[PDB]
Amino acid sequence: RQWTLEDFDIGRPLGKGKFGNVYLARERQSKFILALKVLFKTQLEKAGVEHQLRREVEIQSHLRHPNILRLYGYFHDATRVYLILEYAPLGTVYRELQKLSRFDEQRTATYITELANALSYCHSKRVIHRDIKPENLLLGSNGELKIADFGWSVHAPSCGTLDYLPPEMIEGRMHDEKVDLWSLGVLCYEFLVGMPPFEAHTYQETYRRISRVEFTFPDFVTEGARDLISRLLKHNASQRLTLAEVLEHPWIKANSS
């Protein structure tokens, strides 16, 4: 089917995203509940990212995993581009983290497990996400973590704050699948602490701290969590833990559900 906007009943705004807003939507024939992100053609052309969006649709057409948000397809009119997306009823992990300030070890390890599984699937079909962050993680009906937004994704090897990016990427160097592993380490830190490890008021300071791998743990972080994060956040990408090593880490096994 060739989708048009007239096929959908538009609901309430679900959030404000990269190049436009995400709305709740219902397909008129089947009454199916979904999400539509509305992007503008001018904004996509001016950024020179139209090929990246075409790649995302392509990449998402092949990917099938319960911990990955579905992109069903897209369509456009005169001015706007519409992404047909799976609805995530429990919102962003970003919103959940603001609500709870920080997650307990049980919730964190469960998310990391789910993340790792999703990434393990992506890396086997050789896809790197490159944009792992709380705002690109959503929660399904049963509170399961779902990864979204493959706009910055590439095949290995090869917008916002610098917080989740590894030293190789910020320095404009060569990078592979191990970037998602660094971002997972940043995630795990932020989930438990409430803020990312290299957080700063300035871009330049954040750049300094990532380059040096300059970060400390607060007193309440356990040694098990400290171990995982330290072994994920290593300047040398080849020295970082693999996803299987993460899923088999003592602290993950002990706290994950």
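Position 1 is the first residue in the sequence shown; the rest follow in order. Throughout, rigid core stands for the largest set of C-alpha atoms superposing within 1.5 Å between the two forms.
- Between 107 to 115 and 161 to 169, greater CA displacement relative to the shown form is found for 161 to 169 when the structures in 7 other deposited structures of this protein are fitted on the core.
- Larger root-mean-square CA separation from the shown form, computed after a rigid core fit of the structures in 7 other deposited structures of this protein, is seen for 36 to 44 when 36 to 44 is set against 199 to 207.
- Compared with other PDB entries of the same protein, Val186 is present in all of those that resolve the residues around it, none of them, let alone a third, dropping it.
- Compared with other deposited structures of the same protein, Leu137 does not meet the criterion of being unmodelled in at least one third, since all of those that resolve residues on both sides include it.
- In the deposited sequence, the stretch from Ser158 to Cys159 hides 4 to 9 residues that have no coordinates.
- Across the two stretches, 190 to 198 and 57 to 65, the PDB entry reports the greater mean Cα temperature factor for 57 to 65.
- Legend: mean Cα B-factor per stretch from the PDB entry, 71 to 79 versus 88 to 96; the higher mean is in 71 to 79.
- Remark: of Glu135, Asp131, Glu171, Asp163, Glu171 shows the highest value [criterion: C-alpha B-factor in the PDB entry].
- When the modelled residues of the chain are ordered by their C-alpha B factor, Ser141 lands in the middle third.
- Residue-level temperature factors show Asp176 in the highest third of its chain, judged at the C-alpha atom.
- For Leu228, the recorded CA temperature factor ranks within the middle third of the chain's modelled residues.
- Per the deposited record, the Cα B-factor of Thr206 falls in the lowest third when ranked against the other modelled residues of its chain.
- In the PDB entry, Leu34 places in the lowest third of its chain by CA B-factor.
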